[PDB]
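Think of it as A, B, C, D, E, F and G in the order they're written, each chain with its own count starting at 1.
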């Protein structure tokens, strides 16, 4: 691997690690606010993002490199509502998608076919994730003005996926 | 929960998170240095310490508190050998054990019987952990001290549960 | 057992008996008020509290003592709403928790390790119960302004646990 | 078969093809508007109408004729709401029913007993379809003023049939 | 998705729909001309091309777009023989392959990695399709060229998957 | 397929064939020098390389081309040691990967998306091969300084894969 | 093992290697010429001949000798027809049988009973092969003079042995 790709892969790995902690932190907000269903969904998603991290970690070791875990910023933040919380998760999922595309673009420019091939898994996964997170925001749109609505959506999130 | 208890528990949760990343980082060193067995073993241990973190996370939420994930310092470091690496892991396990004891002591003083009860799981696990890592350092001192031996020990670590 | 511990255990046994009858009485209020789901949940909880009573009864006989069932005050009371009813159950569950902690504190001061050990079961159980009863109050908060909300929560309670 | 019947059967086949595409197009509107449940129901119904087409296609070939697929008009249209969308599907299902009756009437006048016999399947199927599509409009009537209502109906449609 | 991508994909979706109807129409010619085996084979292929259409339809919806089904020209045409018919199908398959390549090229240029990834399924399938239809034209040139042979080839097509 | 691509693909096919016979020849050296485990491993790998050759052969014929097997130079060579041998195999695996990348680049440049898609299987496989062969070299460096060490590694080779 | 037997065994091994590639190449011609059935049959025979090579390679190593793979000339050639191609395969198989007899004869004269014993498998196999290839030519002469016949024979070969 070229130094540029090694570092970009390492940075993405750190981004996935951060994202995992962000969702875990978000779930706590949900629980503290009575949305146990949303909390559970996010916990599940924190675990999923960790998987994304590991896969990158493994790719770096397979290719004879040393993955480096950098300083991690606190994911702690305050949210005004469950809608705002989920809107941010959606915005975040999009940043991840952009980072993957820039990674794929760099792989292609550097003629690194093996890494481009490795990234395909992420490209497919992100398409699915964005769809999923969009729906949630949409549902919140349909029935999110009321606690009974909130109560119902929350119930949905508990098994969503 | 008493404010003081909340803080100590949150601190412990963060220490476990750090500890999980520390072991993930140590396995990378092992892979890079050709010790796939030791690498696989530390990876498994990284996952386990993560469960220790989650257990604390949940306790805080169950008790109506908001766990807070703080900034995590990079666990990146250099090691002169496999022996020095495992020496550091044993010492780090001993630190965790000590922190658990201080928390148990604080729970007792504060007559917080529910938290003290909750901690007993960690006390027992810590006992098992220390013994395990001690055995590893022992084998290294014995069979190790010379290449060929490292091959067999690493081979052992691969499956050591 | 020291006389102090014998009596404290006996009093706790009577408290658990009273609590069982209180929840049974509460379920009647629910049924009389159309909340068959909440009624069912409370009936189930009355039976559970009885178990707590029996376990204490058995501990006293195992140790060669004579458990004594005292006068029981009527648990009858009138409630303004289902929310008030559940708020009282939550307050009651908390009193029970406090009584257990005072019991554990007395056991520790009297160096009665066997009884402290026996109480651990209760300490764990109460942590679970408080959590459970908190959630209900929380749900009532999310969707409890409407009969449709009430109708939905009631439906939940019918299987909760 | 008499020329008149051949052509009427061919036209009906084309009508069924168009209807299939219409429902597919409608499902897209539903999805684009967040009604994934209604979208799924319509997709399923697009596939069903295709079956109706094939059965007619086969009858024409069995009888030694050449079915002809004509120009198909775009089924694209804009709808103001989900209620309007379903009202149109109901009106459309009715047109199909009328076309089948005119087909049965022509078969009878032409003393084409074999085709009248063949149409019986469609006559029965349409009775079922109209009923089904009426209910949906009815349900939309009961609980379709609110997003929570919409949210609930949509949930129903996802498995309706 | 870039507006240009949206348009090309929508166009491709419409081409597949047309292609599905084209094969359905060709099977009719086969039935009428006594080639039941070739008819059954094209029918199966009509259904398959339809799935290609749906896959594109969904992609557009998953990405928050509104797929639009345009007017479909009649696929009706005359053929001088079974050989000429299958020659036309092979050529039509080659056209589809070309269109897929142009779309893949557009996705690359536009750095649309998710769409390019999505198209790989079509690229592979197209490879299988072309080979299949090529084999058919081969057999026809060989065994065909004379009645009796047509009986056996048609017999073959009946089950050719 | 373009002329350049055909030629390049044909060259790669011949390279795989040679690579296969090279590993075959190498296992003999191993057998002759008493390393039955390493011999076994290489024989398996000669077969594997041969499958890579077959897959290319097929692609060429599927696309209507005539694969051409060219003269094959004798792979016979002398090796100083077992590790010298494996170093060679590693270098060779690397060359194959480079050639596969050049082929993927050529496909890109020629907008041959079908061929690019086809090559993806090789790209992923090579990633696995390099990892594997790299591991062997590492194991050899850790415990290959003694007859006893070589003895264990060889034993490990016999069942690797 | 006498040097003369070693040279003769080594020669046969290479001949079998060449034979395998010859059939592989012949299978390509068949493919290019529409005879997918014959191509498949020849593909299967190339693999089979490869095993004849491996068996020789192993005997040489079992006997503490070093098999040597020599340069393999390109097996590429032109064939005017399927008939001529198969006629060449038969002649080639005959050539093989003859070289096996000479080897058996050489083993006898040199009182090399172990090798004579080992060769018996080849003797038995060759008898089978010849019979097989002979039948193919026979069938071709019976029905092979019409594309209809060719088509039928090709279908047969697709599964033959």
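Methods note: a contact is a pair of C-beta atoms (placed from the backbone, for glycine too) under 8 Å apart; a residue touches a chain by one contact, two chains touch by 3 or more.
By chain, with names taken from UniProt: A, B, C, D, E, F, G = Bacterial non-heme ferritin.
Repeating the A-D interface, with the same residue numbers in over half of the contact pairs, is the pair A-C out of B-C, A-C or F-G.
Should one ask which of B-C and D-E has more C-beta pairs in contact, the pair is D-E.
Look at where the CA atoms of subunit B (Bacterial non-heme ferritin) average out and do the same for subunit D (Bacterial non-heme ferritin): the two points lie 64 Å apart. Between subunit A (Bacterial non-heme ferritin) and subunit B (Bacterial non-heme ferritin), the centres computed from C-alpha atoms are 26 Å apart. If you average the Cα atoms of subunit A (Bacterial non-heme ferritin) and of subunit E (Bacterial non-heme ferritin), the two centres end up 38 Å apart. Of all residues in subunit B (Bacterial non-heme ferritin), those that touch two or more other chains are 64. Contact residues of subunit E (Bacterial non-heme ferritin) toward subunit G (Bacterial non-heme ferritin) in the complex are 135, 138-139, 141-146, 148-149, 152. Subunit D (Bacterial non-heme ferritin) makes touch with subunit A (Bacterial non-heme ferritin) in their complex at residues 34, 36, 146-148, 150-151, 154. Remark: subunit E (Bacterial non-heme ferritin) residues 97, 100-101, 104-105, 120, 123-124, 126-127, 131, 134 touch subunit F (Bacterial non-heme ferritin) in the complex. Put simply, subunit E (Bacterial non-heme ferritin) touches subunit D (Bacterial non-heme ferritin) in their complex at residues 17, 21, 24-25, 28-29, 31-32, 39, 57, 60-61, 64-76.
Every residue of subunit A (Bacterial non-heme ferritin) that touches subunit F (Bacterial non-heme ferritin) in the complex is listed here, in rising order: 62-64, 111, 113-114, 117-118.
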